[PDB]
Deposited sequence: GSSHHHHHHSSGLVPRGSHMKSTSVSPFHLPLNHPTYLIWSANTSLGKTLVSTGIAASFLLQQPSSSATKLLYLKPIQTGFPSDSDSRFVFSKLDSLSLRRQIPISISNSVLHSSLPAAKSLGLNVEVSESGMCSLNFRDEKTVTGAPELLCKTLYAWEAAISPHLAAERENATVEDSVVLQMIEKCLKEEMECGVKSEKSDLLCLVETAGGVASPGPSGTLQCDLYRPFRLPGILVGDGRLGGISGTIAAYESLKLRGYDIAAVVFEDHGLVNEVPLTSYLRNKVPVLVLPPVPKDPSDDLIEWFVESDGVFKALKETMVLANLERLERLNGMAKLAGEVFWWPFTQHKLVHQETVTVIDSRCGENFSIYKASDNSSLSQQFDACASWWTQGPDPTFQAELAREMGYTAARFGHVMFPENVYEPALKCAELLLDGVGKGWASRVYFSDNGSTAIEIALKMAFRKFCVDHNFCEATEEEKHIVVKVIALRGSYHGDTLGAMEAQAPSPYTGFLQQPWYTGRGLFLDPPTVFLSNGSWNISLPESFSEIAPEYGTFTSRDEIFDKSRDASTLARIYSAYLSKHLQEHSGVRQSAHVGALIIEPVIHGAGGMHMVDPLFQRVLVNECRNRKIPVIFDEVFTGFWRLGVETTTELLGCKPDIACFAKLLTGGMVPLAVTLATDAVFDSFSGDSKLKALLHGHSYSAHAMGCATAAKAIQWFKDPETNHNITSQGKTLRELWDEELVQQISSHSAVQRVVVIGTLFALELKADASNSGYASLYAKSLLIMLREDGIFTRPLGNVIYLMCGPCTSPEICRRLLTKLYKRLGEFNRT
């Protein structure tokens, strides 16, 4: 729910290490900018230790008072400190009071106002006595501050004062722990502010500057310039070379070694460089805004969007996504004051999404490492770690006790297509062959490649308009569904209450009236049927229909008894989407072939996987290459996606890394506030609701999505079906905030 503005440049001041000029750099910049109308410089120092002997914010205040007298250019100036620890406060003669977190709100302020003059505003948000890493100071002086509160506070300040330049001076190195222990570069990530890196002009500064630089990149920050103090080592050359001259490297003149030195003539001597640095920063912002302000119009002109009728998409609809931090997009809207705002990704970018901000950062690292170690290496007949590992994790988990082989493809569609080739051989070897057909459930869906399309029954997705070869190539049955209405779980079956959601999934029902009834209607219908293929539990693209699990269980046994290969398509259900790692756990039955993707890779990159039985495998063990399965894309098992998936499989499953993971460990905890779920099932305009795992869907008895968009919720519809989808790691607090927004809106 953040909302920062871009009409005015706002920069982080980073530094490779300690004692490298960071605050001088801030001061030069502030100076070059102020000593030249209602021109205003806002200097934030959000974290400060060694207070009050050291106060970078005071220094900036001080040195500008001085530089102002030198240029003879009056200015208003102020230096405020908002919160300190108790010890820090005492150091200022202060019987101040401590909050539940150990901070004091100081009244401390230090204005020297000159009406109408260019204004300087310096602020230290949080201060500690001990001149040490904030993380230690916080525990020593029992004064802590949560990352959110820090960012939140910076946001208040930022908005309170929004020509204009804002500098936000970091504390310590790029990767130095903040008060909470969170490395500083991770703490600021949610805001993704551009910045400059104060480098190291000493011996070892090349290595130190490049590493610090690389570590900001690795977090997806942008660095407008690198600056350092000349120590006669000619450090800037290797720096520029490495930066391919794509980022300017400014070299400040040596600083006076005499501790008594004013620096006032050094600042003057360095005007050149500071002028440059300021322009580079001011510039880069304008250029960043120019591109943002043209991206929608250009998007509309150059893109061919999937599943979109362009005639209906207006530029004012086109969403500009500048970055993503876990569940939230950062979205540029110029119709504001040109501002970036968080907006929840509630379609999970087509059901691919899962990662924490935290996980996302970790994944990135793993990916860069994998890119660097393997990039992409030839799969067939070869082995390499990320792939071997991914396969092991897949078999010991989602394919536990049934799967023996893992076949890699690039996505769901390719996965499904391979499953068909697979199923049919198993069949046409079980019965030695004719003409084959799938059996599937109407409304089920399996990808948009022609083969994956054939196992789909006629739908908005099929026809003559999509594929003029689309026939509708199997035997399609209408499935009973299940859903939540006015506070109880119901059922809908072909013309031909449960006490709770679990009751439905229960084994109590294997001996019910309906198991027999189902068994009968199936056995009847069972132009040759070659394979069974289902979207276990949920019909996704179908409109988030929960299929009666018992129906599917029975159907699986029916085909299995008939020696028909069973294909589970868990591209959508797999890996925690529904609150379990496989739906194998919800149907009670196992398949012969299953397909995975979307969440397989934690929503970072596409990879897909098709698991097989020792038997389905064997049905291709011949003597000619011609009896092998000749399907395989160029990027088969690409190390990247493999390594990534390997990591997501583990992280999502582990109660340590994923805090939604429950005790038994086979299961997610409920994420969707029980109360609101009932509430929404009881709604006038709500026809039905389906809720399980990370999925909250409803059906209705362009408009409501509009309202949700204003509440910071991006989501995609399925015509009249409207859903909220989180990741395997989203906090129930967030889901609850999410249901609230949606409910209020329904009242419209």
Stretches with no C-alpha atoms in the model, relative to the deposited sequence starting at 1: 1 to 26, 63 to 66, 193 to 201, 473 to 481, 545 to 553, 584 to 592, 768 to 780, 828 to 831
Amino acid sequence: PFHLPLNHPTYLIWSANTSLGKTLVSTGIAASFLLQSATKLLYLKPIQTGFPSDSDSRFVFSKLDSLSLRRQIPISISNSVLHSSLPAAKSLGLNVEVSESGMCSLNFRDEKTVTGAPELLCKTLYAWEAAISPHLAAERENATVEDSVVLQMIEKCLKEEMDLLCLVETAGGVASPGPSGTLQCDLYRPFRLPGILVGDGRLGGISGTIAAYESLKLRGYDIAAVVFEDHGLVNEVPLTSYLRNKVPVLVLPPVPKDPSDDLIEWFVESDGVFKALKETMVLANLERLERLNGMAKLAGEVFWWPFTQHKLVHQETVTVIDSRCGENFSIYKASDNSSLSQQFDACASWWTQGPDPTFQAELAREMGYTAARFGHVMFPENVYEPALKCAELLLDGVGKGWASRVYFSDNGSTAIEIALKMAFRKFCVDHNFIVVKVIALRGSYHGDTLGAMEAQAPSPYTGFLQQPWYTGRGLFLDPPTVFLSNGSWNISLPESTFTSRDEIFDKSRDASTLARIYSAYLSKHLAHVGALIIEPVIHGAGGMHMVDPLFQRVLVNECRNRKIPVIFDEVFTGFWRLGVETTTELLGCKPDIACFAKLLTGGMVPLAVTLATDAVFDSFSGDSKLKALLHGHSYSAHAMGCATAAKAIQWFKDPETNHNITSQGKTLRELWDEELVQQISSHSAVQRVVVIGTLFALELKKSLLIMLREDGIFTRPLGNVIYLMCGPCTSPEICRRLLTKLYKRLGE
From here on, numbers count along this sequence of modelled residues.
task: May I ask you to compare 586 to 594 and 332 to 340 by their mean CA B factor in the entry and name the higher one?
output: 332 to 340
query: Taking only the CA atoms, which stretch has the higher mean B-factor in the record, 670 to 678 or 225 to 233?
result: 670 to 678
- request: Quick one: which of 218, 239, 347, 520 shows the highest Cα temperature factor in the PDB entry?
  value: 520
message: Maximum C-alpha temperature factor per the entry, among 694, 26, 703, 49, belongs to which one?
response: 703
Chain-relative CA temperature factor third for residue 15: lowest
- prompt: By the record's CA B-factor, is residue 65 among the lowest, middle or highest third of residues in the chain?
  reply: middle
message: Which third, lowest, middle or highest, does the C-alpha temperature factor of residue 720 belong to within its own chain?
response: highest
query: Taking the entry's C-alpha B-factors for this chain, is residue 203 in the lowest, middle or highest third?
result: lowest
task: Please rank the C-alpha B-factors of the chain's modelled residues and tell me whether residue 570 sits in the lowest, middle or highest third.
output: highest
